[PDB]
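Notes follow the structure.
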Number of protein chains: 4
Amino acid sequence: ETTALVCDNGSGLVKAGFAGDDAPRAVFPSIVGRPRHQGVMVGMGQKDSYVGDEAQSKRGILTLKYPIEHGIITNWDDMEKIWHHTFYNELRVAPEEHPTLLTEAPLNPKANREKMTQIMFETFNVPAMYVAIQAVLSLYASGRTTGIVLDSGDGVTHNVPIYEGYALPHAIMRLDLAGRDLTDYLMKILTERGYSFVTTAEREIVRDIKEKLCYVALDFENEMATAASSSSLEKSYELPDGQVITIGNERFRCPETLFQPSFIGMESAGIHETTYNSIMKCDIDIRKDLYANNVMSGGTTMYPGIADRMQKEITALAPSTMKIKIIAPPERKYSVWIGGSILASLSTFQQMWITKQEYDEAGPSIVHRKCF
Amino acid sequence: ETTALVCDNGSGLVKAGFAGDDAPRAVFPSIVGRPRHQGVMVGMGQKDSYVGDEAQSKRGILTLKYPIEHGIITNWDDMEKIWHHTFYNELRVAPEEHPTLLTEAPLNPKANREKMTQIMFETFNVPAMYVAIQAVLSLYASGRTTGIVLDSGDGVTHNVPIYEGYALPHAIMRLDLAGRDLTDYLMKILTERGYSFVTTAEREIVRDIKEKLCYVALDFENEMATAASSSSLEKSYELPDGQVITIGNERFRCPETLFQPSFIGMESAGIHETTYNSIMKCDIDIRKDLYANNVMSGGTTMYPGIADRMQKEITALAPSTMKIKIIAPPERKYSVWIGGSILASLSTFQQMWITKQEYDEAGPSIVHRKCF
Amino acid sequence: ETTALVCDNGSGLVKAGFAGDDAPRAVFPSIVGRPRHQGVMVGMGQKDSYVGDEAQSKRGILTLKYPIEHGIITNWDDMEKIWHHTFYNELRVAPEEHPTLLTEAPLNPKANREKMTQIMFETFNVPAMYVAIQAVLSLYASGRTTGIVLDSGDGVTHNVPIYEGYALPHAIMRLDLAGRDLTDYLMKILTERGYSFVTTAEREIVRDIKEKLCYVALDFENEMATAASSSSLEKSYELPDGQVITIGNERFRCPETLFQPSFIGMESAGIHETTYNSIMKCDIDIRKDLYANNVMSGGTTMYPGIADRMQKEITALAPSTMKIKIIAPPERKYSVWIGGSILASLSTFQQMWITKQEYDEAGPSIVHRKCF
Amino acid sequence: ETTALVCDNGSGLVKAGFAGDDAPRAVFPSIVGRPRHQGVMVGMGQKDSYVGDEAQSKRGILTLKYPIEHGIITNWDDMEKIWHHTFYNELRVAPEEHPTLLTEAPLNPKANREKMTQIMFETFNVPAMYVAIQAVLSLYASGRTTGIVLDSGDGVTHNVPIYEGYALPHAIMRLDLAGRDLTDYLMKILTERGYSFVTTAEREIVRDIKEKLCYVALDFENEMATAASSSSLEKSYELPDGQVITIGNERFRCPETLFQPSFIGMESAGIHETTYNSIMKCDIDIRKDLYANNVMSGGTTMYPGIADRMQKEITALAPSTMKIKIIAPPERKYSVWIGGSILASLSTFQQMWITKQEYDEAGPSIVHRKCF
Ligand SMILES: Nc1ncnc2c1ncn2[C@@H]1O[C@H](COP(=O)(O)OP(=O)(O)O)[C@@H](O)[C@H]1O
Ligand SMILES: Nc1ncnc2c1ncn2[C@@H]1O[C@H](COP(=O)(O)OP(=O)(O)O)[C@@H](O)[C@H]1O
Ligand SMILES: Nc1ncnc2c1ncn2[C@@H]1O[C@H](COP(=O)(O)OP(=O)(O)O)[C@@H](O)[C@H]1O
Ligand SMILES: Nc1ncnc2c1ncn2[C@@H]1O[C@H](COP(=O)(O)OP(=O)(O)O)[C@@H](O)[C@H]1O
Ligand SMILES: [Mg+2]
Ligand SMILES: [Mg+2]
Ligand SMILES: [Mg+2]
Ligand SMILES: [Mg+2]
């Protein structure tokens with residue numbers, strides 16, 4: 001075998017590439033868009049469905065939608081369409097040759113992982129596959145074997161405590177507040193400035209406002225008082241039509257929802273308390289090593305100042321006699337893919353694949369008894 | 001204090017009156033018209049601006065325009081002109097004596113509510129005021145404390161779920177499809193019969209066609225097939241010049257845009273799905289009480305058959321094991337004013353006013369921290 | 001004196017009534033809920049705190065929380081609120097007249113029993129009180145004087161061996177696995193069917209699923225193989241919104257955690273081995289009489305088939321030459337209250353109260369030297 | 001022959017080294033831990049069993065257990081695992097060259113000493129071995145030939161009276177109260193402060209609390225009255241997670257169980273009365289020399305104040321006309337190993353080994369007729 005495929009199917013992006021590389025070749029949005037207008041011109045290649053960067057370019061005339069909602073694939077007719085675009089049109093490989101490392105989030109529905117396995121052996125007919133867990137692979141990329149992993153992407157936020165090779169699956173927290181629920185809260189609080197964004201085409205604009213103007217305030221109630229003297233805080237953003245918006249305290253009110261989830265009306269705790277409550281469910285001996293290894297990964301951890309508020313606010317929860325260290329890489333947007341590239345290239349791993357022969361005598365239920 | 005003013009400034013009508021009454025004294029259109037022709041005759045009281053029923057009478061020589069567009073006041077020089085006509089020329093009161101209850105739509109720009117507050121204390125110098133929310137006051141008029149309120153007037157349609165005294169502001173939907181966008185769609189589909197209505201003076205005629213000939217079809221695709229045998233469906237309307245029009249399937253194609261907003265080219269859901277999606281954002285315990293209380297209010301809910309298609313089509317979305325009850329009063333055109341008359345006459349309410357003394361030490365920013 | 005109060009303050013329910021009765025008058029959940037939403041409606045009796053059945057009815061808009069966690073009262077400001085609701089609003093008595101029999105679990109913190117005693121004499125000013133032990137009072141209700149008592153409620157599971165009037169306090173086992181940790185495990189394994197229950201309001205729904213669909217499998221590995229042919233095992237449950245769920249092998253996987261506590265990640269033994277290890281800490285002469293008297297009590301012993309797996313699996317641990325008899329009443333949900341009604345009505349008991357005069361000259365430390 | 005091995009296999013520690021040295025090279029806990037969690041990471045040396053200091057370091061994810069319970073080896077599959085770790089991984093010797101001096105407690109099962117002898121000649125194939133008695137070797141280390149030896153380690157407490165070279169085996173007392181039953185009583189009485197320690201990983205923490213905060217009160221009923229004025233007695237201890245505990249009268253209530261064994265429910269006498277009853281079973285002539293030589297050894301005699309309560313309370317039992325002298329060394333934690341180093345280096349001893357040739361013609365029953 002030449003090499004293996006590492007296809008991180010996130011809720012918002014599809015990271016894909018080959019095992020043993022340092023960056024994914026394929027990074028494109030996980031969108032399938034259908035046209036919603038008339039279609040008067042004849043010829044000129046009017047397809048019925050646009051996937052990824054085509055749907056992101058032609059988005060003004062498309063009804064964009066995501067097949068993956070909060071980590072759960074809900075639109076298997078359209079998720080097969082993204083995988084077909086990934087392997088053939090974006091990596092340009094034959095899936096019948098390469099084994100495919102897939103990822104998903106922990107505490108997930110069991111029918112999700114089975115239906116992935118049924119598609120990869122029947123529709124694509126791969127030789128082998130394996131469904132890993134995203135917070136495990138975030139810890140291969142940091143090279144460490146001990147640490148609680150705050151992985152937060154577009155669909156779901158989850159803590160997985162891992163001591164020296166051994167996960168503690170009774171302490172895995174999962175929180176369905178992620179980047180896509182911050183986009184929906186940012187559309188709600190940009191309305192009070194008088195900027196109505198309604199369609200899914202502007203949902204991809206408010207996301208782009210968030211990725212380059214929103215930061216995390218270290219103290220929320222002081223920055224709110226600083227925003228009353230509204231001079232040194234308002235930045236401008238140029239919309240694709242040409243209009244400019246002046247966004248003020250909404251620069252820090254939407255990432256505060258990570259830390260105060262009651263803004264979007266959730267009876268749950270922030271990402272700083274579901275990390276502390278996930279350590280206080282672990283054994284008392286390993287709590288010293290989990291405080292000193294707080295690996296953050298995923299795109300929702302990419303805000304400015306989020307590693308300096310996690311460290312500021314777990315410290316107020318932890319006992320003061322020991323140190324807290326949030327590990328913030330510069331590549332943690334891709335670290336679920338990086339660790340999958342490491343794990344799929346190991347020599348010890350190559351007996352852990354679910355092969356096609358092993359699939360035929362057990363069906364899709366083989367994936368529970370061999371992965372996790 | 002004798003009594004308080006309840007001034008429902010809708011996008012299309014100005015309902016105004018006193019607290020504790022059963023009907024508003026002042027109901028007139030929210031139009032400010034300027035003359036656009038020469039003006040040859042000398043004397044005879046040629047004013048420069050006509051407000052309300054004067055502009056509705058002299059509308060053939062006026063450029064009519066609305067200051068309130070989709071709930072947002074955009075023409076503060078002309079909105080002060082309507083309020084001056086309301087208090088002095090139509091209610092005939094002194095605004096320096098009475099406190100004034102104002103209403104607006106939820107999810108609105110914050111500069112809208114501030115600039116209302118700045119005008120009422122500086123230009124009119126009222127003793128006190130309060131800016132309520134229209135879907136809240138629709139629920140005082142029905143006497144209930146629990147229910148999702150489909151309020152749809154001339155400017156905006158919005159659902160507000162309210163459980164037992166407590167609103168759920170993360171589930172407030174707002175949709176900018178209302179009666180004024182149905183008038184614009186009715187002018188577009190009356191063109192295909194060969195009746196061109198172009199100016200704003202005929203915009204007030206097509207609205208009058210809609211208010212007495214348009215109904216909601218219970219099944220759209222059967223009534224469209226019934227319209228192919230075009231005998232039992234075409235009604236006639238006598239225009240002010242004397243001409244008659246024969247309107248057929250346009251009797252039900254324009255209120256279908258409430259339920260299929262793609263007719264006017266909107267990537268959004270109808271009023272039956274933004275009610276179901278606003279209940280499915282609420283907590284799972286209160287969904288049983290919101291299905292049984294669907295309070296409709298505002299003028300765009302006054303079509304024949306709209307309570308029998310909301311109940312018909314939420315039932316196809318809801319699980320079948322429980323009942324849906326659309327509450328359709330006969331007075332729901334005025335129920336935002338009726339509930340404001342109730343709320344301004346309560347004895348528990350009379351400490352919730354923003355007074356003139358309280359305004360002077362906080363400016364116009366007092367209205368966010370005391371109303372909503 | 002007319003009669004005495006028997007207030008069984010469990011972790012999940014508050015059983016309360018009078019001495020000498022056959023059933024408690026007051027049975028309501030031990031919940032104090034605070035509202036978490038806005039509160040827009042004016043008047044209509046919006047309290048700040050809801051206790052018991054009010055918080056269980058209005059639970060969709062409340063942050064429900066329990067003051068008693070694993071038998072330990074942690075929220076003395078809110079535990080006084082439940083007792084105030086019990087005596088005044090639910091029994092409708094004057095606490096200044098009646099003596100109050102209280103219960104708690106063995107091996108408990110000493111500051112818990114003192115702070116109960118300090119409240120009942122200062123805040124309520126009862127004439128007398130007494131803090132019993134729950135597994136002792138479970139044995140008055142069965143009428144027996146000899147037997148090991150497996151008491152398992154919502155907060156804690158504990159074995160207390162009692163030979164002929166004499167407890168063996170060196171063999172009292174206490175295990176913090178109870179009904180509330182089975183609710184948390186049932187929410188975790190209903191996620192893999194795709195039913196996310198997140199807030200505390202759905203925590204009261206998953207508990208209601210458990211109380212009427214979960215049973216104890218007599219052999220776990222055969223019922224797991226029966227669940228692979230998933231036809232004769234899946235029952236349905238109708239949620240309050242109207243949705244139905246199809247629960248399969250989760251009907252028996254959550255009460256298996258009583259017998260295999262490693263499912264929720266506990267290095268401890270099941271309820272069948274902590275009964276056998278609590279008998280093998282007793283003297284060798286009384287082990288014959290403790291095998292023949294296994295009194296079960298509390299609500300977590302109410303599953304179908306739990307008396308037939310305790311008897312099946314202690315028999316595999318005990319030597320085969322003698323018989324094991326699990327005593328399963330039909331009233332063992334209330335038997336801690338029933339035995340407290342018996343003990344508070346005895347004529348020999350009425351010199352064992354801690355009186356108000358005796359409290360004033362020793363402080364709250366009188367309760368250790370007189371109760372246990 | 002170069003030298004001989006002296007392997008003191010205690011119930012809690014494994015002291016091992018060479019004959020003729022002043023301290024054992026190998027001192028590590030006698031624990032074999034198995035992992036109990038999932039094991040998600042691939043590679044990185046996940047063994048199946050951890051012995052000694054590895055299991056003491058990784059103890060948060062291990063089910064720790066002791067193979068030696070009250071002096072009796074119960075887990076011969078895991079006791080061979082500790083000996084394999086001792087000789088190869090911790091002393092780094094070849095057992096085929098060195099003769100091995102082993103120790104055990106008196107009044108022990110005969111199958112224990114045989115199965116030690118069968119392993120050392122078959123599994124390890126030593127040239128010679130000898131199973132001594134621990135209280136005999138405690139008296140070589142003090143250099144004396146006369147004295148009753150109170151040896152108390154982790155598993156068992158035993159008195160052995162020895163007059164001038166001659167033991168009195170009818171007066172050997174053996175008591176199964178030792179350091180491991182004080183750890184279990186300390187976990188029971190730390191619960192009443194509200195510090196629940198449940199797993200075996202916290203059993204190794206409560207032991208570490210006991211080894212540096214617990215002392216022996218000279219008068220128990222006065223220190224109990226001093227603890228009522230709880231200021232000058234409470235010391236603090238920093239747990240590995242970072243939490244601090246405030247331990248008060250539990251500093252002296254757990255070593256009082258050595259002197260009042262009814263605290264853990266034992267119908268037996270303390271270590272001061274089983275020394276007096278072991279002298280009053282000796283002949284009346286040698287009772288004068290046994291009062292003046294009370295050699296204490298083992299780790300449970302290392303508490304502060306235990307030599308000053310033994311001398312205080314045997315004096316109340318002995319007739320007052322003669323003096324009592326408790327011999328408390330500073331090295332009595334290791335004195336069973338020190339005396340074994342002395343005895344294995346003597347020239348008179350080197351004909352008392354059980355050799356491999358002598359083993360082959362008598363089987364494992366040779367050890368009764370040659371050792372004791
Ligand atoms: N530079 C950035 N700053 C803040 N947020 C970002 C940034 N880049 C991406 N995001 C957010 O992170 C999400 C994508 O994160 P990612 O971990 O790639 O998602 P997934 O793993 O689900 O594909 C997007 O929703 C986006 O809103
Ligand atoms: N009888 C009617 N039938 C149908 N539509 C009506 C009727 N009366 C008014 N409307 C529509 O409702 C709108 C006015 O409703 P109203 O609730 O008064 O608006 P607002 O609350 O903004 O004043 C107008 O656009 C009109 O087209
Ligand atoms: N019929 C039932 N079947 C199974 N479990 C039950 C049943 N009724 C109650 N439970 C469980 O028992 C607990 C309550 O038991 P109870 O003895 O009332 O506790 P407490 O003594 O703390 O009041 C609840 O957590 C509930 O989950
Ligand atoms: N410094 C100390 N103070 C009090 N107790 C101790 C101390 N050191 C060890 N112990 C107790 O003594 C036991 C170890 O004694 P030791 O003689 O080493 O046992 P063994 O002979 O079985 O190895 C441990 O269980 C510990 O609880
Ligand atoms: Mg991801
Ligand atoms: Mg209105
Ligand atoms: Mg109870
Ligand atoms: Mg020893």
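Chains: A, B, ... in order of the structure tokens. Residues: from 1 per chain. Ligands: from 1, in order shown.
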| said: According to DSSP computed on the backbone, where in region 92-332 of chain D is there helix (DSSP H, G or I)? Give the residues as a PyMOL selection string. | reply: chain D and resi 110-122+134-141+179-189+191-193+200-213+220-226+250-253+255-258+261-264+273-279+287-291+299-301+307-314
| Within 6 Å of ligand 8 (only C-alpha atoms and all ligand atoms), residues as number ranges by chain | D: 10, 153, 298
| task | Counting only C-alpha atoms and all ligand atoms, name the residues that have an atom within 10 Å of an atom of ligand 6; the answer should be given as a PyMOL selection string. | result | chain B and resi 8-15+71+103-105+133-135+138+151-157+297-300+333-337
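Restricting the calculation to only C-alpha atoms and all ligand atoms, the smallest distance between ligand 7 and any of C:322, C:216, C:19, C:338 is found for C:338.
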| field | Shell of 9 Å around residue 230 (chain D), only C-alpha atoms, local chain residues under 3 positions omitted, as an NGL selection string | value | :D and (226-227 or 233-234 or 248-249)
Got time to write the residues from that selection, N, CA, C and O atoms, as an mmCIF file, in the first residue's frame?
data_model
loop_
_atom_site.group_PDB
_atom_site.id
_atom_site.type_symbol
_atom_site.label_atom_id
_atom_site.label_comp_id
_atom_site.auth_asym_id
_atom_site.auth_seq_id
_atom_site.Cartn_x
_atom_site.Cartn_y
_atom_site.Cartn_z
ATOM 1 N N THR D 226 -9.318 17.929 75.193
ATOM 2 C CA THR D 226 -8.572 19.024 74.587
ATOM 3 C C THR D 226 -9.077 19.316 73.180
ATOM 4 O O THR D 226 -9.125 20.478 72.764
ATOM 5 N N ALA D 227 -9.516 18.286 72.457
ATOM 6 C CA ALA D 227 -10.056 18.469 71.118
ATOM 7 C C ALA D 227 -11.399 19.186 71.103
ATOM 8 O O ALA D 227 -11.827 19.624 70.032
ATOM 9 N N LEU D 233 -4.745 21.817 67.909
ATOM 10 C CA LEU D 233 -4.621 20.409 67.586
ATOM 11 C C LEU D 233 -4.800 20.100 66.113
ATOM 12 O O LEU D 233 -4.288 19.073 65.654
ATOM 13 N N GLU D 234 -5.468 20.956 65.353
ATOM 14 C CA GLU D 234 -5.834 20.660 63.978
ATOM 15 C C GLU D 234 -4.687 21.013 63.045
ATOM 16 O O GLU D 234 -4.288 22.176 62.962
ATOM 17 N N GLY D 248 -8.528 16.825 62.897
ATOM 18 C CA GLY D 248 -8.486 17.256 64.283
ATOM 19 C C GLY D 248 -8.216 16.147 65.273
ATOM 20 O O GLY D 248 -7.067 15.752 65.470
ATOM 21 N N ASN D 249 -9.267 15.635 65.908
ATOM 22 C CA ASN D 249 -9.114 14.512 66.820
ATOM 23 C C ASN D 249 -8.899 13.185 66.111
ATOM 24 O O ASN D 249 -8.679 12.178 66.781
#
| field | Sel. of strand (DSSP E) residues, region 97-318 of chain C, as a VMD selection string | value | chain C and resid 100 to 104 128 to 133 147 to 152 157 to 162 173 to 175 235 to 238 244 to 247 294 to 297
| query | Which polymer residues have any atom within 8 Å of an atom of residue 20 (chain C), counting only C-alpha atoms, with same-chain residues fewer than 2 positions away left out, as an NGL selection string? | reply | :C and (18 or 22 or 341-342 or 344-345)
Would you save the residues of that selection, restricted to N, CA, C and O atoms, as a PDB file, in the first residue's frame?
ATOM      1  N   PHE C  18     -47.467  12.372  59.888  1.00  0.00           N
ATOM      2  CA  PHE C  18     -47.612  12.323  61.328  1.00  0.00           C
ATOM      3  C   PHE C  18     -47.288  10.927  61.828  1.00  0.00           C
ATOM      4  O   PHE C  18     -47.357   9.946  61.088  1.00  0.00           O
ATOM      5  N   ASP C  22     -50.282   5.385  58.349  1.00  0.00           N
ATOM      6  CA  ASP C  22     -49.862   4.292  57.491  1.00  0.00           C
ATOM      7  C   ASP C  22     -49.237   4.751  56.182  1.00  0.00           C
ATOM      8  O   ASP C  22     -48.763   3.907  55.414  1.00  0.00           O
ATOM      9  N   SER C 341     -42.738   6.252  61.574  1.00  0.00           N
ATOM     10  CA  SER C 341     -44.053   6.388  62.179  1.00  0.00           C
ATOM     11  C   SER C 341     -44.242   5.414  63.327  1.00  0.00           C
ATOM     12  O   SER C 341     -44.937   5.727  64.296  1.00  0.00           O
ATOM     13  N   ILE C 342     -43.639   4.232  63.229  1.00  0.00           N
ATOM     14  CA  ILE C 342     -43.720   3.254  64.305  1.00  0.00           C
ATOM     15  C   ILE C 342     -42.888   3.705  65.494  1.00  0.00           C
ATOM     16  O   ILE C 342     -43.359   3.712  66.634  1.00  0.00           O
ATOM     17  N   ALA C 344     -41.755   6.701  66.324  1.00  0.00           N
ATOM     18  CA  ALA C 344     -42.168   7.919  67.001  1.00  0.00           C
ATOM     19  C   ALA C 344     -43.452   7.748  67.790  1.00  0.00           C
ATOM     20  O   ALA C 344     -43.807   8.638  68.564  1.00  0.00           O
ATOM     21  N   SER C 345     -44.152   6.636  67.619  1.00  0.00           N
ATOM     22  CA  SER C 345     -45.380   6.380  68.348  1.00  0.00           C
ATOM     23  C   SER C 345     -45.192   5.407  69.499  1.00  0.00           C
ATOM     24  O   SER C 345     -46.161   5.105  70.197  1.00  0.00           O
TER      25      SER C 345
END
Closest pair table for chain D residues within 9 Å of chain C, only C-alpha atoms, as a tab-separated table:
residue	atom	partner	partner_atom	distance
D:36	CA	C:267	CA	8.3
D:37	CA	C:265	CA	8.0
D:63	CA	C:267	CA	7.1
D:185	CA	C:170	CA	8.9
D:188	CA	C:107	CA	7.6
D:189	CA	C:107	CA	8.5
D:190	CA	C:109	CA	8.8
D:191	CA	C:109	CA	6.1
D:192	CA	C:109	CA	3.9
D:193	CA	C:109	CA	5.4
D:194	CA	C:109	CA	5.0
D:195	CA	C:109	CA	8.4
D:198	CA	C:268	CA	7.7
D:199	CA	C:267	CA	5.5
D:200	CA	C:267	CA	7.6
D:263	CA	C:170	CA	7.9
D:264	CA	C:170	CA	5.7
D:265	CA	C:170	CA	5.9
Prev. selection, N, CA and C atoms, output as a PDB file, in the first residue's frame:
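Output saved as part-v3.pdb:
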ATOM      1  N   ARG D  36      -7.826  -0.110  34.556  1.00  0.00           N
ATOM      2  CA  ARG D  36      -9.259  -0.329  34.572  1.00  0.00           C
ATOM      3  C   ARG D  36     -10.022   0.523  33.574  1.00  0.00           C
ATOM      4  N   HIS D  37      -9.353   1.406  32.847  1.00  0.00           N
ATOM      5  CA  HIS D  37     -10.007   2.248  31.866  1.00  0.00           C
ATOM      6  C   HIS D  37      -9.730   1.739  30.453  1.00  0.00           C
ATOM      7  N   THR D  63      -6.348  -0.397  39.242  1.00  0.00           N
ATOM      8  CA  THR D  63      -6.994  -1.055  40.371  1.00  0.00           C
ATOM      9  C   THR D  63      -5.879  -1.686  41.182  1.00  0.00           C
ATOM     10  N   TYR D 185      -9.757   2.285  59.215  1.00  0.00           N
ATOM     11  CA  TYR D 185     -10.478   3.032  60.228  1.00  0.00           C
ATOM     12  C   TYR D 185     -10.296   4.521  60.044  1.00  0.00           C
ATOM     13  N   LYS D 188     -12.761   5.678  57.595  1.00  0.00           N
ATOM     14  CA  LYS D 188     -14.113   5.705  58.126  1.00  0.00           C
ATOM     15  C   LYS D 188     -14.356   6.950  58.961  1.00  0.00           C
ATOM     16  N   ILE D 189     -13.347   7.425  59.687  1.00  0.00           N
ATOM     17  CA  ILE D 189     -13.536   8.595  60.535  1.00  0.00           C
ATOM     18  C   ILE D 189     -13.094   9.887  59.874  1.00  0.00           C
ATOM     19  N   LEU D 190     -12.515   9.833  58.683  1.00  0.00           N
ATOM     20  CA  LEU D 190     -12.411  11.049  57.894  1.00  0.00           C
ATOM     21  C   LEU D 190     -13.685  11.346  57.134  1.00  0.00           C
ATOM     22  N   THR D 191     -14.593  10.380  57.042  1.00  0.00           N
ATOM     23  CA  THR D 191     -15.869  10.611  56.384  1.00  0.00           C
ATOM     24  C   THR D 191     -16.721  11.580  57.182  1.00  0.00           C
ATOM     25  N   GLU D 192     -16.609  11.549  58.501  1.00  0.00           N
ATOM     26  CA  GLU D 192     -17.414  12.416  59.341  1.00  0.00           C
ATOM     27  C   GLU D 192     -16.934  13.860  59.344  1.00  0.00           C
ATOM     28  N   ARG D 193     -15.769  14.147  58.779  1.00  0.00           N
ATOM     29  CA  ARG D 193     -15.420  15.511  58.424  1.00  0.00           C
ATOM     30  C   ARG D 193     -15.901  15.890  57.038  1.00  0.00           C
ATOM     31  N   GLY D 194     -16.329  14.922  56.241  1.00  0.00           N
ATOM     32  CA  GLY D 194     -16.805  15.212  54.911  1.00  0.00           C
ATOM     33  C   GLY D 194     -15.725  15.058  53.870  1.00  0.00           C
ATOM     34  N   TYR D 195     -14.862  14.061  54.035  1.00  0.00           N
ATOM     35  CA  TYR D 195     -13.820  13.764  53.058  1.00  0.00           C
ATOM     36  C   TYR D 195     -13.985  12.299  52.696  1.00  0.00           C
ATOM     37  N   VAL D 198     -12.727   6.611  48.628  1.00  0.00           N
ATOM     38  CA  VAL D 198     -13.454   5.399  48.296  1.00  0.00           C
ATOM     39  C   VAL D 198     -12.593   4.374  47.566  1.00  0.00           C
ATOM     40  N   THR D 199     -11.805   4.787  46.580  1.00  0.00           N
ATOM     41  CA  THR D 199     -11.133   3.800  45.756  1.00  0.00           C
ATOM     42  C   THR D 199      -9.834   3.375  46.426  1.00  0.00           C
ATOM     43  N   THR D 200      -9.140   2.431  45.804  1.00  0.00           N
ATOM     44  CA  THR D 200      -7.861   1.991  46.332  1.00  0.00           C
ATOM     45  C   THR D 200      -6.777   3.020  46.069  1.00  0.00           C
ATOM     46  N   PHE D 263     -12.776  -0.321  68.691  1.00  0.00           N
ATOM     47  CA  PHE D 263     -13.163   0.734  67.764  1.00  0.00           C
ATOM     48  C   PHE D 263     -13.466   0.177  66.388  1.00  0.00           C
ATOM     49  N   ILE D 264     -12.663  -0.765  65.917  1.00  0.00           N
ATOM     50  CA  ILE D 264     -12.956  -1.448  64.676  1.00  0.00           C
ATOM     51  C   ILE D 264     -13.689  -2.763  64.926  1.00  0.00           C
ATOM     52  N   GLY D 265     -14.293  -2.912  66.101  1.00  0.00           N
ATOM     53  CA  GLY D 265     -15.152  -4.037  66.394  1.00  0.00           C
ATOM     54  C   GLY D 265     -14.424  -5.355  66.482  1.00  0.00           C
TER      55      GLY D 265
END
| query | Can you list, as a VMD selection string, every protein, DNA or RNA residue that comes within 8 Å of residue 203 (chain B) when you count only C-alpha atoms, leaving out same-chain residues fewer than 4 positions away? | reply | chain B and resid 183 to 184 187 197 to 199 207
| request: Excluding residue 355 (chain D) and any residue of its chain fewer than 2 positions from it, enumerate the residues within 12 Å of it, using only C-alpha atoms, and give them as a PyMOL selection string. | output: chain D and resi 98-101+117+120-121+125-130+350-353+357-364+366-367+370
| request: Show which residues sit within 9 Å of residue 79 (chain C), as a list in words. Count only C-alpha atoms, and ignore same-chain residues fewer than 2 positions away. | output: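 Skipping anything fewer than 2 positions along the chain leaves residues 30, 32, 66, 67, 68, 73, 74, 75, 76, 77, 81, 82, 83 and 84 of chain C.
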